[PDB]
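Here's a solo chain for you in structure tokens, the form deposited without its partner chain.
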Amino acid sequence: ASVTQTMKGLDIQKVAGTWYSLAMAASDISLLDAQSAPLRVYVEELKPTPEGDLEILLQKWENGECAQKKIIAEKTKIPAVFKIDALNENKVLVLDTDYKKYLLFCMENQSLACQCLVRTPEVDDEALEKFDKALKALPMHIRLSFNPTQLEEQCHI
């Protein structure tokens, strides 16, 4: 269940800028089933702070409407692991990224969701291979992927 793959030698400054949530998977179906499931979040932009923390802009459907949400991930001892304040303190692990095209990540509390991010609104078969193979290891029960048209809309409608 635990995630035991992280990016060796991650430079968090190089993941700054725009991303698309091409695909997402989670351990429990109810975390992603509906448009307003808890972890159905669409990534807009990564903004690393100078002090090394990560700021995230994303979209989340709630109250029948697509909201913008800004969120702050705090660094830890490990460069590929970050921390998000909540009801219960969640972890974000960076699995892999080539900076220029794709980045794979997971978040944990036991529950768990992961995502394949890409720089452009295109179906990258390669990044998807890598995403599937990192997931093989994990106990997933729901997976979503989206098309180029959907990737350009708010909340992937």
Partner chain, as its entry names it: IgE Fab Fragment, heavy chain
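Positions refer to the first chain, counted from 1.
Beyond the structure shown, there is the form deposited with its partner chain bound, which is absent from this document and is the topic of what follows.
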Look up in the deposited bound form whether residue 120 has a non-hydrogen atom within 4.5 angstroms of its partner chain, and give yes or no.
-> yes
Just to confirm, residue 96 within 4.5 Å of its partner chain in the deposited bound form by heavy atoms?
-> no
Does residue 7 make contact with its partner chain in the deposited bound form, using a 4.5 Å heavy atom cut-off?
-> no
Please check if residue 54 has a heavy atom lying within 4.5 Å of any heavy atom of its partner chain in the deposited bound form.
-> no
Contacts with its partner chain in the deposited bound form, stretch 34 to 49 (heavy atom within 4.5 Å) | 43, 44, 45
